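Student: Before I ask anything, let me first share the structure, which is written out below as structure tokens.
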RNA sequence: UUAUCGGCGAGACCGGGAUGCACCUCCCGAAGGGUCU
């Protein structure tokens, strides 16, 4: 069985702290959670609630004027 | 970039019928001939 529980699973999947147990980083300190960032590279790349994610995924913009259809 | 985070998703046959065919001559004329054991 997967070691992750509902709380950890949702933290890693969608960054919602369901159990209310998460490191409440200071609001003004930008580089907060370096320990968490190192320990959990997933929560580092994509953020959790209260920790800015590191991965910025832009939109897929078409390169033409007629490239969509019904 | 006035913060921190979030796939919108899952299922579907669009198919079922039809003859396009029915009528027309393309023909009308001509010498290719003459020079060298």
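Student: Once every DSSP H run of n ≥ 4 in chain A is given -39500 (n - 2.57) and the sum is divided by its residues, what mean residue ellipticity at 222 nm do you get, rounded to the nearest 500 deg cm²/dmol?
Tutor: Values: 3 runs with 20 residues, N = 70.
Mean residue ellipticity at 222 nm (helix-derived): -7000 deg cm²/dmol.
Student: List A:37, A:48 from most exposed to least, where exposure is judged by having the fewest other Cβ atoms within 10 Å.
Tutor: Working: A:37 16, A:48 23.
By the 10 Å Cβ count, ascending: A:37, A:48.
Student: What translational diffusion coefficient, in µm²/s and rounded to a whole number, does the Stokes-Einstein relation yield for the stretch A:1-42 at 10 °C and a viscosity of 1.306 mPa s, taking the hydrodynamic radius as the Kirkwood radius over Cα pairs? Don't skip to the answer; put the middle values down first.
Tutor: Details: Rh = 11.6 Å.
D = 137 µm²/s.
Student: Please give the contour-minus-distance gain from residue A:9 to residue A:57: 0.36 nm per residue of separation, less the Cα-Cα distance, rounded to one decimal in nm. Walk me through the intermediate numbers first.
Tutor: Values: separation 48, 0.36 × 48 = 17.28 nm, distance 2.15 nm.
The span from residue A:9 to residue A:57 would gain 15.1 nm if fully extended.
Student: How big is chain A by Rg and Dmax over its Cα atoms, in Å?
Tutor: Rg, Dmax (Cα atoms, Å): 16.8, 49.
A quick note on method: Cβ atoms are made from the backbone with ideal geometry, for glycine too, and the neighbour counts reach across all protein chains shown. Computed from the coordinates by the stated procedures, all read-outs in this text should not be read as laboratory data.
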